[PDB]
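Some notes on the structure that comes next.
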Amino acid sequence: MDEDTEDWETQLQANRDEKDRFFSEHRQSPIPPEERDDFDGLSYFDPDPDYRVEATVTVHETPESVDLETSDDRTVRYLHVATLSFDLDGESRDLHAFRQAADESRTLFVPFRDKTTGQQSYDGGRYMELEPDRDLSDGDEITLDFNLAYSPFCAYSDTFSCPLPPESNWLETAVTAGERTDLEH
């Protein structure tokens, strides 16, 4: 574990830092004027290896059109290129990996709606983004860090039409890692 996980920390000190300034410098803060009045940051779970899981990539050769959110006050069509099957909470869970049109910036966007959605966290789901070492094909593996699941633009700003996640990525388990986010302030 320690061999790949020290490298997971190498990518992570850069990860949390570049994602933070994606929400601050790249795009202006999606966190409401009301919310960020007391709070300041991309709502972030603290690095937890138990919510760092391993999944087998199942790549679909003919991708369907799935509307998900972007960082540009907009909603954009993604293509269903993969499904990531892993173990979590005593059974095999699956999360579908999409990318807008013909992405090669490694930017895989996976939604997962769990038990903390609208309870221990804000409603809409928990949204997670992977950028692997390479491009994934049927048979590859990929690491799903739910402990790095980001604050979605939709759940914070109602001016974003919220993504449309398939029934298959709805997880019947709680993802509690690091700090939470109190929607009921």
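Residues are referred to by chain and number: the chain letter is A, B, ... according to the order shown in the structure tokens, the number counts from 1 in that chain, and ligands are numbered separately from 1 in the order shown.
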Test item, strand (DSSP E) assignment across stretch 65-114 of chain A, answer as a ChimeraX atom specification: /A:65-69,75-88,91-99,108-112
Can you tell me, as an NGL selection string, what residues are no more than 9 Å from residue A:183 when counting only C-alpha atoms, ignoring any on the same chain fewer than 4 positions away? :A and (118-123)
Exercise: stretch 73-77 of chain A partners within 10 Å, only C-alpha atoms, chain neighbours under 2 positions left out, as an mmCIF file with N, CA and C atoms, in the first residue's frame:
```cif
data_model
loop_
_atom_site.group_PDB
_atom_site.id
_atom_site.type_symbol
_atom_site.label_atom_id
_atom_site.label_comp_id
_atom_site.auth_asym_id
_atom_site.auth_seq_id
_atom_site.Cartn_x
_atom_site.Cartn_y
_atom_site.Cartn_z
ATOM 1 N N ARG A 27 -12.307 29.560 -12.348
ATOM 2 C CA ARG A 27 -13.696 30.001 -12.294
ATOM 3 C C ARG A 27 -13.921 30.719 -10.969
ATOM 4 N N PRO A 30 -18.279 29.320 -6.986
ATOM 5 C CA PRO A 30 -19.674 28.827 -7.144
ATOM 6 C C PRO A 30 -20.390 28.696 -5.791
ATOM 7 N N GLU A 64 -23.667 6.638 -24.961
ATOM 8 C CA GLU A 64 -24.949 7.386 -24.911
ATOM 9 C C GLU A 64 -24.722 8.821 -24.385
ATOM 10 N N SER A 65 -25.698 9.704 -24.636
ATOM 11 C CA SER A 65 -25.633 11.123 -24.246
ATOM 12 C C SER A 65 -26.267 11.345 -22.850
ATOM 13 N N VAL A 66 -25.438 11.762 -21.866
ATOM 14 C CA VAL A 66 -25.867 11.997 -20.467
ATOM 15 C C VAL A 66 -25.523 13.445 -20.054
ATOM 16 N N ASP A 67 -26.553 14.270 -19.788
ATOM 17 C CA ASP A 67 -26.369 15.701 -19.448
ATOM 18 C C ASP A 67 -25.891 15.855 -18.002
ATOM 19 N N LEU A 68 -24.668 16.392 -17.833
ATOM 20 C CA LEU A 68 -24.068 16.668 -16.510
ATOM 21 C C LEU A 68 -23.608 18.145 -16.473
ATOM 22 N N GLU A 69 -23.158 18.611 -15.299
ATOM 23 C CA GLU A 69 -22.816 20.033 -15.078
ATOM 24 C C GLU A 69 -21.383 20.349 -15.553
ATOM 25 N N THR A 70 -21.167 21.618 -15.926
ATOM 26 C CA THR A 70 -19.824 22.179 -16.157
ATOM 27 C C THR A 70 -19.630 23.429 -15.273
ATOM 28 N N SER A 71 -18.419 23.998 -15.310
ATOM 29 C CA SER A 71 -17.986 25.090 -14.413
ATOM 30 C C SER A 71 -18.311 26.481 -15.008
ATOM 31 N N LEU A 79 -20.650 11.768 -22.708
ATOM 32 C CA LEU A 79 -20.773 10.467 -23.377
ATOM 33 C C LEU A 79 -20.371 9.355 -22.406
ATOM 34 N N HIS A 80 -21.221 8.310 -22.304
ATOM 35 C CA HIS A 80 -20.982 7.177 -21.405
ATOM 36 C C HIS A 80 -19.967 6.225 -22.043
ATOM 37 N N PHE A 98 -18.002 9.264 -17.422
ATOM 38 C CA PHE A 98 -18.366 10.000 -18.631
ATOM 39 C C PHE A 98 -17.298 11.059 -18.932
ATOM 40 N N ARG A 99 -17.362 11.598 -20.151
ATOM 41 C CA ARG A 99 -16.515 12.714 -20.604
ATOM 42 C C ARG A 99 -17.261 13.430 -21.736
ATOM 43 N N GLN A 100 -17.196 14.783 -21.746
ATOM 44 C CA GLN A 100 -18.104 15.658 -22.532
ATOM 45 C C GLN A 100 -18.325 15.185 -23.989
ATOM 46 N N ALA A 101 -17.338 15.382 -24.874
ATOM 47 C CA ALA A 101 -17.409 14.851 -26.250
ATOM 48 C C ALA A 101 -16.281 13.840 -26.504
ATOM 49 N N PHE A 153 -21.251 22.438 -8.418
ATOM 50 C CA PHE A 153 -21.738 23.780 -8.775
ATOM 51 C C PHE A 153 -23.276 23.912 -8.662
ATOM 52 N N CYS A 154 -23.992 22.814 -8.966
ATOM 53 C CA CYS A 154 -25.467 22.766 -8.946
ATOM 54 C C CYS A 154 -26.028 22.883 -7.517
ATOM 55 N N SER A 157 -25.201 26.499 -6.412
ATOM 56 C CA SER A 157 -25.819 27.556 -7.236
ATOM 57 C C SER A 157 -26.987 26.971 -8.042
ATOM 58 N N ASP A 158 -28.203 27.445 -7.728
ATOM 59 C CA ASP A 158 -29.467 26.985 -8.357
ATOM 60 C C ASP A 158 -29.561 27.380 -9.841
ATOM 61 N N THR A 159 -28.685 28.306 -10.273
ATOM 62 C CA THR A 159 -28.580 28.752 -11.675
ATOM 63 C C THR A 159 -27.873 27.702 -12.570
ATOM 64 N N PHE A 160 -27.404 26.591 -11.976
ATOM 65 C CA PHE A 160 -26.868 25.442 -12.728
ATOM 66 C C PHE A 160 -27.953 24.361 -12.737
ATOM 67 N N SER A 161 -28.395 23.931 -13.933
ATOM 68 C CA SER A 161 -29.311 22.787 -14.067
ATOM 69 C C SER A 161 -28.551 21.521 -13.644
ATOM 70 N N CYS A 162 -29.067 20.823 -12.613
ATOM 71 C CA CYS A 162 -28.348 19.734 -11.946
ATOM 72 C C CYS A 162 -28.206 18.524 -12.883
ATOM 73 N N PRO A 163 -27.041 17.803 -12.847
ATOM 74 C CA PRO A 163 -26.803 16.600 -13.688
ATOM 75 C C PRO A 163 -27.912 15.547 -13.575
#
```
Show which residues sit within 10 Å of residue A:113, as a list in words. Count only C-alpha atoms, and ignore same-chain residues fewer than 3 positions away.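 The residues satisfying every condition are residues 95, 116, 117, 118, 123, 124, 125, 126, 127, 165, 166, 167, 168, 169, 170, 171, 172, 173, 174 and 175 of chain A.
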Export of prior selection with N, CA and C atoms as a PDB file, in the first residue's frame:
```
ATOM      1  N   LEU A  95     -20.100   2.792 -10.633  1.00  0.00           N
ATOM      2  CA  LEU A  95     -20.235   4.217 -10.983  1.00  0.00           C
ATOM      3  C   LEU A  95     -19.823   4.407 -12.435  1.00  0.00           C
ATOM      4  N   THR A 116     -25.531  10.245   2.536  1.00  0.00           N
ATOM      5  CA  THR A 116     -25.223  11.570   3.134  1.00  0.00           C
ATOM      6  C   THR A 116     -25.824  12.707   2.295  1.00  0.00           C
ATOM      7  N   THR A 117     -26.189  12.407   1.033  1.00  0.00           N
ATOM      8  CA  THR A 117     -26.867  13.346   0.125  1.00  0.00           C
ATOM      9  C   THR A 117     -28.160  13.926   0.765  1.00  0.00           C
ATOM     10  N   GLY A 118     -28.115  15.215   1.150  1.00  0.00           N
ATOM     11  CA  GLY A 118     -29.267  15.911   1.741  1.00  0.00           C
ATOM     12  C   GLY A 118     -29.458  15.596   3.223  1.00  0.00           C
ATOM     13  N   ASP A 123     -27.906  18.132  -0.874  1.00  0.00           N
ATOM     14  CA  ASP A 123     -28.665  17.237  -1.780  1.00  0.00           C
ATOM     15  C   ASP A 123     -28.265  17.470  -3.252  1.00  0.00           C
ATOM     16  N   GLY A 124     -28.588  16.493  -4.115  1.00  0.00           N
ATOM     17  CA  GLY A 124     -28.166  16.486  -5.519  1.00  0.00           C
ATOM     18  C   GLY A 124     -27.253  15.307  -5.802  1.00  0.00           C
ATOM     19  N   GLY A 125     -26.506  14.899  -4.763  1.00  0.00           N
ATOM     20  CA  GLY A 125     -25.559  13.798  -4.841  1.00  0.00           C
ATOM     21  C   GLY A 125     -24.191  14.216  -4.353  1.00  0.00           C
ATOM     22  N   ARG A 126     -23.239  13.302  -4.491  1.00  0.00           N
ATOM     23  CA  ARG A 126     -21.815  13.568  -4.293  1.00  0.00           C
ATOM     24  C   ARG A 126     -21.148  13.395  -5.654  1.00  0.00           C
ATOM     25  N   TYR A 127     -20.315  14.353  -6.056  1.00  0.00           N
ATOM     26  CA  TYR A 127     -19.735  14.383  -7.408  1.00  0.00           C
ATOM     27  C   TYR A 127     -18.221  14.303  -7.313  1.00  0.00           C
ATOM     28  N   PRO A 165     -28.036  11.769 -13.217  1.00  0.00           N
ATOM     29  CA  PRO A 165     -27.292  10.527 -12.966  1.00  0.00           C
ATOM     30  C   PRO A 165     -28.193   9.281 -13.161  1.00  0.00           C
ATOM     31  N   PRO A 166     -27.708   8.230 -13.902  1.00  0.00           N
ATOM     32  CA  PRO A 166     -28.425   6.942 -14.027  1.00  0.00           C
ATOM     33  C   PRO A 166     -28.739   6.312 -12.648  1.00  0.00           C
ATOM     34  N   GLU A 167     -29.811   5.513 -12.609  1.00  0.00           N
ATOM     35  CA  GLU A 167     -30.260   4.793 -11.397  1.00  0.00           C
ATOM     36  C   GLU A 167     -29.158   3.855 -10.844  1.00  0.00           C
ATOM     37  N   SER A 168     -28.239   3.454 -11.731  1.00  0.00           N
ATOM     38  CA  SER A 168     -27.184   2.473 -11.441  1.00  0.00           C
ATOM     39  C   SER A 168     -26.016   3.048 -10.598  1.00  0.00           C
ATOM     40  N   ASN A 169     -25.851   4.396 -10.548  1.00  0.00           N
ATOM     41  CA  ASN A 169     -24.729   5.021  -9.783  1.00  0.00           C
ATOM     42  C   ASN A 169     -25.210   5.521  -8.401  1.00  0.00           C
ATOM     43  N   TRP A 170     -26.459   5.180  -8.044  1.00  0.00           N
ATOM     44  CA  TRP A 170     -27.040   5.548  -6.748  1.00  0.00           C
ATOM     45  C   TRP A 170     -26.611   4.491  -5.713  1.00  0.00           C
ATOM     46  N   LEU A 171     -25.719   4.884  -4.789  1.00  0.00           N
ATOM     47  CA  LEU A 171     -25.113   3.967  -3.815  1.00  0.00           C
ATOM     48  C   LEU A 171     -25.968   3.924  -2.543  1.00  0.00           C
ATOM     49  N   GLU A 172     -26.340   2.711  -2.108  1.00  0.00           N
ATOM     50  CA  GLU A 172     -27.148   2.513  -0.895  1.00  0.00           C
ATOM     51  C   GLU A 172     -26.214   2.302   0.321  1.00  0.00           C
ATOM     52  N   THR A 173     -25.350   3.301   0.541  1.00  0.00           N
ATOM     53  CA  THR A 173     -24.387   3.337   1.646  1.00  0.00           C
ATOM     54  C   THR A 173     -23.967   4.792   1.897  1.00  0.00           C
ATOM     55  N   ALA A 174     -23.520   5.094   3.126  1.00  0.00           N
ATOM     56  CA  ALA A 174     -23.063   6.442   3.502  1.00  0.00           C
ATOM     57  C   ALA A 174     -21.559   6.578   3.245  1.00  0.00           C
ATOM     58  N   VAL A 175     -21.177   7.673   2.591  1.00  0.00           N
ATOM     59  CA  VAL A 175     -19.784   8.034   2.350  1.00  0.00           C
ATOM     60  C   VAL A 175     -19.433   9.181   3.307  1.00  0.00           C
TER      61      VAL A 175
END
```
Can you list, as a list in words, every protein, DNA or RNA residue that comes within 8 Å of stretch 45-62 of chain A when you count only C-alpha atoms, leaving out same-chain residues fewer than 6 positions away?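 The neighbour list is residues 80, 81, 82, 83, 84, 85, 86, 87, 88, 136, 137, 138, 139, 140, 141, 142, 143, 144, 145, 146, 147, 148, 149, 150, 175, 177, 178, 179 and 180 of chain A.
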Need the shell around residue A:131: protein/DNA/RNA residues with any atom at most 10 Å away, counting only C-alpha atoms. Skip same-chain ones fewer than 3 positions apart. Format as a count of residues only? 11
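Counting only C-alpha atoms, residue A:39 has the following residues at most 12 Å away, ignoring those fewer than 5 positions along the same chain: residues 29, 31, 32, 33, 34, 181, 182, 183 and 185 of chain A.
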Go through stretch 13-163 of chain A and collect every residue that DSSP, computed from the backbone, puts in helix (DSSP H, G or I); the answer should be as a ChimeraX atom specification. /A:13-26,35-38,49-51,146-148,153-156
Save out the residues we just selected, C-alpha atoms, as a JSON list (two decimals), in the first residue's frame.
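Final file, again_36.json:
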```json
[["chain", "number", "residue", "atom", "x", "y", "z"],
["A", 13, "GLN", "CA", -0.87, 17.77, -2.54],
["A", 14, "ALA", "CA", -1.04, 19.08, -6.16],
["A", 15, "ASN", "CA", -4.67, 17.77, -6.60],
["A", 16, "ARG", "CA", -6.40, 19.55, -3.66],
["A", 17, "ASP", "CA", -4.37, 22.72, -4.50],
["A", 18, "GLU", "CA", -5.24, 22.92, -8.27],
["A", 19, "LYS", "CA", -8.94, 21.92, -7.64],
["A", 20, "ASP", "CA", -9.15, 24.65, -4.93],
["A", 21, "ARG", "CA", -7.91, 27.37, -7.35],
["A", 22, "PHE", "CA", -10.15, 25.89, -10.12],
["A", 23, "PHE", "CA", -13.08, 27.08, -7.90],
["A", 24, "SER", "CA", -11.31, 30.39, -6.89],
["A", 25, "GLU", "CA", -9.05, 31.65, -9.77],
["A", 26, "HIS", "CA", -9.97, 29.61, -12.92],
["A", 35, "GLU", "CA", -22.62, 30.41, 2.11],
["A", 36, "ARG", "CA", -19.04, 31.76, 1.66],
["A", 37, "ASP", "CA", -19.90, 34.70, 4.00],
["A", 38, "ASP", "CA", -19.01, 32.41, 6.99],
["A", 49, "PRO", "CA", -7.77, 5.49, 2.32],
["A", 50, "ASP", "CA", -10.93, 3.43, 3.26],
["A", 51, "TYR", "CA", -12.92, 5.60, 0.76],
["A", 146, "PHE", "CA", -14.80, 9.33, -2.62],
["A", 147, "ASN", "CA", -12.72, 10.98, 0.12],
["A", 148, "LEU", "CA", -11.82, 13.63, -2.54],
["A", 153, "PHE", "CA", -21.74, 23.78, -8.78],
["A", 154, "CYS", "CA", -25.47, 22.77, -8.95],
["A", 155, "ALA", "CA", -25.96, 22.00, -5.19],
["A", 156, "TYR", "CA", -24.43, 25.43, -4.33]]
```
